[PDB]
Amino acid sequence: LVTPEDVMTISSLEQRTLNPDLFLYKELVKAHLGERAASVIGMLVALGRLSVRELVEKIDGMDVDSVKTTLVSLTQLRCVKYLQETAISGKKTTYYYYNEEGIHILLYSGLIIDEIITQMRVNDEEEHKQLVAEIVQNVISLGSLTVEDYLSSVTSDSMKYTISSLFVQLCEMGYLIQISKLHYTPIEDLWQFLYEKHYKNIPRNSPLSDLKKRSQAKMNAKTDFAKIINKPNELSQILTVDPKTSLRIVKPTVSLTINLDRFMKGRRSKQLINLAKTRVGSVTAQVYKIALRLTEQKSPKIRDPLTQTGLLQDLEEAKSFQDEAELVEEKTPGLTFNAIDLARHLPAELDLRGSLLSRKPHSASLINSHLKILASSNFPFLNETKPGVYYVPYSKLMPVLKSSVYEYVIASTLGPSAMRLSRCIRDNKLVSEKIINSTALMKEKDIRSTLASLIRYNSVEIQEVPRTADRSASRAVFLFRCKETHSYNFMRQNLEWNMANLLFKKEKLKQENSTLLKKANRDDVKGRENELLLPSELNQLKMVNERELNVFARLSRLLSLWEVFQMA
Amino acid sequence: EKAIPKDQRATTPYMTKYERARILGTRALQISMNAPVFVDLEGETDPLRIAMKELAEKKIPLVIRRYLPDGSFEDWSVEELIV
Amino acid sequence: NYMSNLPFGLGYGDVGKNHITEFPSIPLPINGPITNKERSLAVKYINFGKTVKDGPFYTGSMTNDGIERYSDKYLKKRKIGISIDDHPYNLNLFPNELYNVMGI
Amino acid sequence: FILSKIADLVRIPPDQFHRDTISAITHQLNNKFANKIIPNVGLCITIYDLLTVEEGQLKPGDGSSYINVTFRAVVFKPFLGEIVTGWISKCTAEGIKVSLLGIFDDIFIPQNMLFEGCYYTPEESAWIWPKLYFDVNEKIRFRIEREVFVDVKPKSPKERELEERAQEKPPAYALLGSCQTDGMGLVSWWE
Amino acid sequence: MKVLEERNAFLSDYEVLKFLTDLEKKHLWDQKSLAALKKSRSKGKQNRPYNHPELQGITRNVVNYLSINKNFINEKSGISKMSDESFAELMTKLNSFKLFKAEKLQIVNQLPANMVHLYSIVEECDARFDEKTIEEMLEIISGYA
Amino acid sequence: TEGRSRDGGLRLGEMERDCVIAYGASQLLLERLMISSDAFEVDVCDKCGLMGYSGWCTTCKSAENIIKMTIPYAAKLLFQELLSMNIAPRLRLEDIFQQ
Amino acid sequence: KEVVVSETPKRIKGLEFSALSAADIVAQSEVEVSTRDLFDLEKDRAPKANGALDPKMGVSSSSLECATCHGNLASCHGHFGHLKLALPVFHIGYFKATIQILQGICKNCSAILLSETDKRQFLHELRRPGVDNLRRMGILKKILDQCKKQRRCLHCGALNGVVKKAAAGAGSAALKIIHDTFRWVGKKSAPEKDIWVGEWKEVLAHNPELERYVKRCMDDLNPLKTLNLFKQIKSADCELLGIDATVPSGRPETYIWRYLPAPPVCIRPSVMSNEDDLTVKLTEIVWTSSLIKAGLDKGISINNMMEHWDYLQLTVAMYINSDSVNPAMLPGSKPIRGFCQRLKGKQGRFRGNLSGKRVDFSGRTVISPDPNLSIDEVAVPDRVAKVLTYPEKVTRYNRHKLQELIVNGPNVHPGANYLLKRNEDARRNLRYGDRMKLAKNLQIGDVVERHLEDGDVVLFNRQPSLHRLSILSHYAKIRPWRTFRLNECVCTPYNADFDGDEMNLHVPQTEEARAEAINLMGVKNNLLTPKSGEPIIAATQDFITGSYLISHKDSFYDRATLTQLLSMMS
Amino acid sequence: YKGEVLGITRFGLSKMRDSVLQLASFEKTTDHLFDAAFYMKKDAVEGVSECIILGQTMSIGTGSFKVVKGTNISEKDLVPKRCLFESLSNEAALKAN
DNA sequence: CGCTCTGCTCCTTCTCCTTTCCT
DNA sequence: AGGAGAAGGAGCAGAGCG
Ligand SMILES: [Mg+2]
Ligand SMILES: [Zn+2]
Ligand SMILES: [Zn+2]
Ligand SMILES: [Zn+2]
């Protein structure tokens, strides 16, 4: 037997109580910044919006100075937001928030650098790879940067063009935007500010009714919100300027940051390619690989247009968001494309020659065949506006991507019988056990065992039906549902918790084994630790580094797993 | 927390019944645990009665700390308080 | 007697002993061997998380004796420090309250 | 030796009320800090002076005077630039332990930092040089490089019971030195 | 119970003998009580204040250690019988030879009267000064005994 | 005990403690209601408000933040019963002295 | 070696209430209660290794050992175990709190049904520098009404109806919560209603009998579904619900039964054997939990399994409080003594053992009058004065009298009963041991427990105790008979009438208690009632008629009669 | 005294007592203790009922003042001392640097 | 202009709490 | 019992609507 004392050390029952959001954010900021940043971030996440005096009163550290330093560091890493508001009765009190998108840069850093390296297509030139890697690394590690700072951070009398021509190339592909106050401002607070000043300048006792006034304010603030949101995302005027006898060079004064939205869209493109590779041929998916990369730059925003976070959803009129999503995703002129466009950007390696059998040189008639294959597939990979016109229906492809990833996680963890039963109950509606036996053809004992193993997660819901006034469990007949929202909700929290657990374990290992990293720093760890003898020390270093690499690999796989559930 | 100075004290100068009973009990404890006394004993063994005699002769070496509701205090001795 | 009840699929031998493993048993397919791509990704992840910690924005900390001899003299200083004041800050991005701690 | 500054709480029993206040304060202080190590400051020897004494306060059941007091004690704690003599008593094949004169013998000076040409001779020979050796109960000199402390005692009651049934950390104040430069080892090497 | 100040002025090995000797003089002096003195005080036959065993033992060990010959030589120490005026008037040469440290306490008790001892008293002692202010310190700090 | 036959102590009830409070007698309440009825020594942790045993915390396995004090055995029993439901009456301690 | 140690006196400052997070319950344990068998019977009723009476949690008699800190029934404080459950279950103490948490959050994404400005205003109102329980309760209730008024999640736009609890009876279907999603949508078409009708169309085609039961079938919240929802509630909105999320276990999910702590055997001792209700109930808990766990993997009937899960609910519910008014649901079967029953009533913990106790050094006998007894004095029988000792410490002023008492010994009234040396621990009984040499070796710090003598301060009491003059402090006076005697003047404060009246005597055992008793409750200091300020201790019937007959105008006395009267008076 | 007519019942007694221990001592014990557990009621032990329950000293009557014993200690015999000491340390480098 | 929400105001059903104890 | 407290219903003027 294992005693309860041994349980608290080996098993992670101590960490099974911590909240997944607080655990993961706190671990990330503790890994990358430290204990004060973790304290402030934990307090913000646990309590919400706070002021500096409230932070001092809450955290044991009563040194305002320490709080101010922690807040400036957290703002430079844009892990926090601020809202400086003024009370009508007197003075003004600022307030602070925790930035979900700021921490996710630390959570995604290696993947971000990977994407920026691979998309510049600098695999030809070695120095280009090092240059873009250094640019993106320094930007992420510094929070925000300027071209002047980067150019003065290099030896003079050199070819500044070589280190600046790709910078504009970075800015032109959407992997770099300028930073403004909207990034540090809460979206719902901005929507509250914009909804007023349109419900206030209304004439007194106007002929328009109160409902009409509120609707008028809504659709007159939506336009301003859209303008302010779209301004920093896509306005290339900074890179459009051009000093005389020079190339296209960005404005020195503007300060640049990473554009998380573009990276998220790239991740969605990757997920779509990987899911497409499982329903058609590699040749067909090879074209899909370049079709998605062409529309990626102009693709719609992924997590939200920022308008669901901005307000109450509606009385019943999220249809006014669904319809606009369809309208954009189709009527975008860049998004619409034909079989002619795909010819030019087609890979040189691809042949397309014998991939097709009709009746059972990069020709445009070959592409149309595979695009018709994509449209014919059960998954709406592509849809046609007019014969010869093509577009990707995100509004209908994201639910199927989510459901497929979910059911395959179920298959890989629980039984294939569990996957079959989950799909059976989902396809059906409110199916009873006798009918489950009828349309699933599996023994009732096994069906019950798998159903129980499935209810431990939010995957199968029970719908009771009572036959007596007192809802006895003997006289009631029990049904089943699936409730896709609950199931996706549980799945993302589980993966978030497990990422938090892995990062915590890595930090614990480094804590225990820093006694060798001290000597490593003493003796120039890279390549020389063999010369310091201590073969036990070298072996311990080896296995701890192996554990670190494995931790990072499993973390990246967990990231790919929870990405689709993080979508909406 | 601080102490109200000797020159300005706003509390009564008359010892109370509670202060008297507490002083007698504390001194009786001190004597019963073999403390030196300061009055001629005559024939007596009880620490309580020795303490009563000492109080009547005004020879008890203790002072009283009076706590106001805010949290400051004043120091009154037994040779100052009267009854 | 509270021991009379018994389900059909259960015998007296199976019941009567509460045993919940409390240790996990259903793994995830993400813990297989490593790949070269994931290896290089881990390397860059290691370079990150390290560069920032050795950088200026740390805020991490939450025999320096008084006796003076020649050992303290000409002693190699361990590090050249950095402060919040050094890094160039764009003043618009920061609220007015925090200007005091940064070097104006 | 150094001087410290420590605040404390001292309880004076009614038996000692006849004595002087300082003469009883010093007595309870000497009881508390007679020959003991105060953690992370060294080993206290003797109370030297007395600087602050509050007014004695009484709790509702004891009848004694509880007094806050600050004082400056005499503590033994050399750091690096020190030199201490003595003679060696007990040696083992893990390093050499030199003793003081009845104060403490919890100082451990390693053999590896002892000069250069020295090694342990299990042939009952005191030491080996490539050309003179010392032995038990002879004058020596040395230094201390780093001073370490240990204050561990997480003995659960079951651990206590099992240890008692089956039946180490003697030193809570451990020092480590070296014997590199000439002059140490023994002063009677010369003249 | 809190320790306020880690270290006050360095209680050099000059007063650490006077204070302990005065303590022994005040109570439990064994230089003449070994003659079977039977002075009765307080009527208990104890005849001594502060029968305290622990303090007496440690103070005897310190006074014995500082009475044994200071081990720069192989029969007093040279500090146990140190005149008070000597400690205040031999300061002149120590201060004039600017060692640029606080090792004044190191020499007043340990390793006079030798060259190697004076050399190992401080680091690079030859390099800092080797012309006239080695023999001068030896002949001053060794002139007491 | 309370038996007519055993050495049954006499009960000092609610009305009687009310009378004694009305007289303003604190030490007599202490004597009659703790010392001479059920006075028990307990060990309580200082970082968590939980009673230990034998100088051992048994929740944070340290034995470094344990404080001894006397409380009624009925209070000890009530605290252990409260912990037996899902109630955790953490005890906070303060120094008696230090002004 | 020999490190310094310190001991600073400490005072209780304040209680702080919470719940255990199921990690504290496991940190709190020494063993896990796994089996159902109390005794292994291989060693003549020796307790099982992992049962309800496992010795690791203490012993019930003084002939055993507790296996954690080896000590008998005396020296063992007691140790806890834990009891993991196969299926999550509700906590009846926190049932209405669980209802209140559900009514304030979304049942799809678990976001609080408030607006950012609204919740900011409520938060500002909660953290005002002067706020007590009444204001806090008012603000929280207002928050509850506001979120009950909200109709659609601001984050996910779902639908939320009333979240009442299924009310069917005290015992049966009591702990069932129903969500009525489609109560606030009337004469309207919503996607939720369309999905509901689409789902229900299929079932009726296959099963045409549930047409009667198309109504009802609300969104039921079983304990596991409710637990999975609570794990997603954000931390930032815990304050609006009534929970401090700063500390671990500050979480709505820690109010659901997932680990039961196993109480120490001190709390549930085995009498001379017979067990008790708490132990029996927890054996039944282990039984039903094991049944659930074994049946879950065997694929037993879902209809059968939910009937057992409901039974485990009522089992842990009746172990915390006996409130199942209809126990007919239990096939085996409300006089059982649960945890709640051990704290309530006139004879519970608070009103029986904490605020009011039973004390040592006390007596009770009939009372009789005594005119020659001074007021301020009470007359104690010698027989009870020889058992009600007072512990006198040897203090250089009473050594001779104390050794004379030791020599006299318990047989004679001016004697002592026990001796307690300074260094020693146990009291030396003086009934044996040649007390002559003990009296010689008596030192100046020992404690002698001597018989009650003349002048000892005692308390005297009559029941019922209406006003504060029902208990007064007297002076003792040893006398040859068996009753308690008092002067008839001081009968008025007690309301005594020597017709069989009995009174209680208490002997304070400390110097401070003695001095306060005599100086504040003494008869001479309580001649006046404090309700009016009028005399209460004065003459009585004969003491008044005799005075009147003396001072009548017809009474003339010569010198012999005068002087005899004066001598009688003194 | 709190702006409204609060009676002497159990419902009124939740006026300003704010003490879970004494409210449980009075009436509706388990409801009060469970509410204190849920809302994390954090009472202080100052009332006479809590003082009795925990076996502490009341704050009224004889427990409303502090007894203090004058130490009767002079002040001029508390000065720091070290004889013929400070001639060396500080002055060793009080010139040329 | 009936219609249709949102909100009171009224009402019914459902538990708690009742004296000294006297060994 | 009586005696208040509290949680859920049930009809109803109110206010906005095309
Ligand atoms: Mg009568
Ligand atoms: Zn603890
Ligand atoms: Zn035990
Ligand atoms: Zn929602």
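If you tally the helices and strands in chain E, you get eight helices and one strand. Scaling as 2.2 N^0.38, a compact globule of 145 residues should have a C-alpha radius of gyration of about 15 Å, whereas chain E reaches 20 Å, well beyond that. Dimensions of chain E along its principal axes, counting C-alpha atoms only, are 65 × 40 × 25 Å.

All names here are of chain G. At 2.2 to 2.7 Å from the zinc ion (ligand 4) lie its protein donor atoms, namely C106 (SG), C109 (SG), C153 (SG) and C156 (SG). Coordination at the zinc ion (ligand 4) comes from four donor atoms whose angles at the metal span 88 to 121°, giving a geometry best classed as tetrahedral. Written as a sequence motif, the donor arrangement for the zinc ion (ligand 4) is C-x2-C-x43-C-x2-C. Comparing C106 with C109 shows no difference in burial state: the two are buried.

Here we take up the domain arrangement of chain G. By domain assignment, chain G separates into domain 1 (1-91 + 242-346), domain 2 (92-241), domain 3 (347-388 + 451-534) and domain 4 (389-450). The C-alpha-based centres of domain 2 of chain G and domain 3 of chain G are spaced at 62 Å.

Here we take up the arrangement of the chains. Among 19 pairs of chains with at least one contact, chains F and G form the most extensive contact set. If you take every C-alpha in chain A and every C-alpha in chain B, the smallest gap between them is 22 Å, and the two do not touch. At their nearest point, the C-alpha atoms of chain A and chain E are still 20 Å apart, with no contact between the two.

Residue and element names in this part refer to chain A. Throughout the structure, instances matching the rule amount to 43 aromatic pairs over all chains. A ring pair is formed by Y195 and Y199, whose centres lie 6.0 Å apart and whose planes are at 20°; its orientation type is stacked. Residue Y195 is classed as buried on the basis of its relative accessible area, which comes to 17%. The exposure class assigned to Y199 is partly exposed, which follows from its relative accessible area of 27%.

As a structural note, the neighbourhood of DNA strand I is formed by 22 residues, with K188, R358 and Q463 of chain G together with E27 and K28 of chain H the closest of them. A breakdown of the atoms of DNA strand I within 4 Å of the protein gives sugar and phosphate a share of 82%. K28 of chain H is positioned such that a nitrogen or oxygen atom in its backbone is 3.0 Å from a phosphate oxygen of DNA strand I. For the surface near DNA strand I, the class distribution of residues is three nonpolar, five polar and 14 charged.

Now for the interface of chain D and chain F. Contacts between the two partners involve 12 residues from chain D, matched on the other side by eight residues from chain F. Of all residues in chain D, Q57, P60 and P157 of chain D bury the most surface against chain F, accounting for 38% of the area lost on that side. On inspection of chain D and its partner chain F, the count reaches zero salt bridges. Our count for the chain D to chain F interface comes out at one residue pair in polar contact. If you list the elements that add at least two residues to the side of chain D that touches chain F, you get β6 (65-76) and α2 (157-166) of chain D. Residues of the side of chain D that touches chain F, tallied by class, amount to five nonpolar, three polar and four charged.

The next point concerns the UniProt feature "binding site: Mg(2+)" in chain G. Residues and elements named next belong to chain G. Within this structure's numbering, the places UniProt gives as "binding site: Mg(2+)" are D497, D499 and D501. Inspection of the secondary structure assignment puts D499 in the loop between α13 (491-494) and β18 (502-506). Within the secondary structure layout, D501 lies in the loop between α13 and β18. Excluding residues that lie within four positions of it along the chain, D501 makes contacts with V366, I367, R462, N495 and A496.

Residue and element names in this part refer to chain A. Where helix α23 (residues 484-522) meets helix α25 (residues 535-566), the closest approach of the two axes is 10 Å, and the angle between their N-to-C directions is 165°. Here α23 lies roughly antiparallel to α25, going by the angle between them. Here α23 runs over α25; the crossing is left-handed. Taken together, the residues that form the contact of α23 with α25 break down as 18 nonpolar, four polar and eight charged.

Let us look at the coordination of the magnesium ion (ligand 1). All names here are of chain G. Taken together, the protein ligands of the magnesium ion (ligand 1) are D497 (OD), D499 (OD) and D501 (OD), with distances of 2.2 to 2.4 Å. For the magnesium ion (ligand 1), the donor residues sit on a single chain with the sequence spacing D-x1-D-x1-D. Accessibility expressed as a relative area gives 12% for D501, which makes it buried.

Applying the stated criterion across every chain, the model contains 72 salt bridges over all chains. A salt bridge links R127 of chain G to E54 of chain A; its shortest N-O distance comes to 3.3 Å. Linking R127 of chain G in the loop between α3 (116-126) and α4 (133-149) with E54 of chain A in helix α4 (residues 52-58), this pair reaches from one chain into another. Owing to a relative accessible area of 24%, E54 of chain A belongs among the partly exposed residues under this scheme. Put simply, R303 of chain A and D304 of chain A hold a salt bridge, and the shortest N to O gap is 4.0 Å. With a relative accessible area of 13%, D304 of chain A lands in the buried category. Ionic contacts of the salt-bridge type, sharing partners, join the residues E461, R481 and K483 of chain A together with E199 and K225 of chain G into one network.

This part covers the UniProt feature "binding site: Zn(2+) 2" in chain G. Residues and elements named next belong to chain G. Look at the UniProt record and you will see "binding site: Zn(2+) 2" annotated at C106, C109 and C153. Across 48 residues of sequence, these annotated residues stay compact in space, with a maximum C-alpha separation of 8.4 Å. If you trace the backbone, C106 turns up in the loop between α2 (95-104) and α3. Tracing the backbone shows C109 in the loop between α2 and α3.

It is worth spelling out the environment of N72 of chain H at this point. Residues and elements named next belong to chain H. When you line up the elements, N72 lands in the segment after β1 (65-69). Residue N72 is classed as exposed on the basis of its relative accessible area of 80%. Spatially, the C-alpha atoms of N72 and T9 are 54 Å apart, while their sequence positions differ by 63 residues.

Moving on, we come to the protein's contact with DNA strand J. What surrounds DNA strand J is the set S209, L211 and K212 of chain A, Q103, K164 and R183 of chain G together with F11 of chain H. What you see for DNA strand J is that sugar and phosphate hold 100% of its atoms within 4 Å of the protein. Take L211 of chain A: an N or O atom from its main chain is 3.4 Å from a phosphate oxygen of DNA strand J. Taking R183 of chain G, its side chain carries an N or O atom lying 2.7 Å from a phosphate oxygen of DNA strand J.

Bringing helix α6 (residues 100-107) of chain A into the picture now. Helical geometry: 3.6 residues make up each α-helical turn, so side chains three or four residues apart lie on a common side. Across the eight residues of α6 of chain A, six count as buried, placing the element largely inside the fold. Those residues of α6 of chain A that fall on the buried side of the exposure criterion are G102, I103, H104, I105, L106 and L107 of chain A. Its buried side turned inward, α6 of chain A meets α2 (20-32), α7 (109-119), α8 (126-142) and α25 of chain A together with α1 (36-47) of chain C.

Turning next to the pairing of β6 of chain D. On a regular strand, each side chain points to the face opposite its neighbour's, so the side chains alternate between the two faces of the sheet. Residue and element names in this part refer to chain D. Of all 12 residues making up β6, 12 are buried, and the element is well covered by its neighbours. The pairing of strand β2 (residues 5-12) with β6 spans seven bridges and is antiparallel. Bridged to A7 within β6 is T70.

Counting residues at the interface gives 60 residues for chain F and 76 residues for chain G. Across the chain F to chain G interface the summed buried area is about 6,400 Å²; carbon plus sulfur atoms make up 59%. By the criterion of area lost to chain G, the three top residues of chain F are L10, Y23 and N86 of chain F, representing 14% of everything that side buries. Across the pair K13 of chain G and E94 of chain F runs a salt bridge, and its minimum N-O distance is 2.8 Å. At the junction of chain F and chain G, the tally comes to 34 residue pairs in polar contact. Only β1 (10-12), α1 (14-22), α2 (26-35), β2 (39-45), β3 (66-72), α3 (73-84) and β4 (90-95) of chain F provide two or more residues apiece to the side of chain F that touches chain G. Per-element tally for the side of chain F that touches chain G: the top contributor is α3 of chain F, with 11 residues.

So, how was this worked out
- Along each chain, residues carry numbers from 1 upward in sequence order, and these need not match the entry's numbering; residues missing coordinates do not appear.
- Chains and ligands are labelled by the order in which they are written, letters from A for the one and numbers from 1 for the other.
- Only a portion of a larger assembly is shown here, and every reported value applies to that portion alone.
- Hydrogen atoms and water are omitted, and side-chain values are computed over all heavy atoms in the structure.
- Residues with missing side-chain atoms are left out of burial classes, side-chain pairs and their counts.
- Under the scheme used here, helices are H or I runs from DSSP no shorter than 4 residues and strands are E runs no shorter than 2 residues, and both carry numbers assigned from the N terminus.
- Every radius of gyration here is taken over C-alpha atoms, with the globule rule written as 2.2 Å times N^0.38, N being the number of residues.
- In this description, a donor is an N, O or S atom within 2.8 Å of the metal centre, a cutoff extended to 3.2 Å for sodium, potassium and calcium. Water is not part of the atom list, which can make sites seem incomplete.
- All geometry calls rest on donor angles, where a four-donor set with angles between 85 and 135 degrees is tetrahedral, four- and six-donor sets with opposite donors more than 155 degrees apart and all others between 65 and 115 are square planar and octahedral, and all else is irregular.
- Relative accessibility decides the category of a residue: with a 1.4 Å probe and only protein chains considered, values under 20% of the type maximum give buried, values over 50% give exposed, and everything between is partly exposed.
- The domain boundaries here were taken from an automatic or database domain assignment.
- The contact criterion used is simple: two residues touch if any of their non-hydrogen atoms lie within 4.5 Å.
- Here a pair means two rings of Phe, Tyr or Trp (six-membered ring of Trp) with centres within 6.5 Å. Their orientation is stacked below 30 degrees between planes, edge-to-face above 60, and tilted elsewhere.
- Any residue with a non-hydrogen atom lying within 4 Å of a molecule or strand is treated as near it.
- Any pair of nitrogen or oxygen atoms within 3.5 Å is treated as a polar contact; in protein, a donor-acceptor pairing is required on top of that, and neighbouring residues in sequence qualify only through side-chain atoms on both sides.
- Charged residues are taken to be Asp, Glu, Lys and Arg, nonpolar residues to be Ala, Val, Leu, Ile, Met, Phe, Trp, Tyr, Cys and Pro, and polar residues to be all remaining types, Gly included.
- A simple way to read buried area is as the amount of 1.4 Å-probe accessible surface that goes missing from two parts once joined, with both sides added.
- Whenever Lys or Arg places a side-chain nitrogen within 4 Å of a carboxyl oxygen from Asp or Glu, that contact is recorded as a salt bridge.
- UniProt positions are given in the numbering used here, feature names are shortened, and annotations may be inferred rather than shown by experiment.
- Under this scheme, a helix contributes an axis fitted over its contacting stretch, all axes are lines through C-alpha atoms, and angles between N-to-C directions fall in the 0 to 180 degree range.
- When an angle is under 35 degrees it counts as roughly parallel; over 145 it counts as roughly antiparallel; between 65 and 115 it counts as roughly perpendicular; any other value is oblique.
- Left-handed describes a crossing whose near helix is turned anticlockwise from the far helix by less than a right angle; the clockwise case is right-handed.
- At least two bridges found by DSSP between two strands is the condition for calling them paired.

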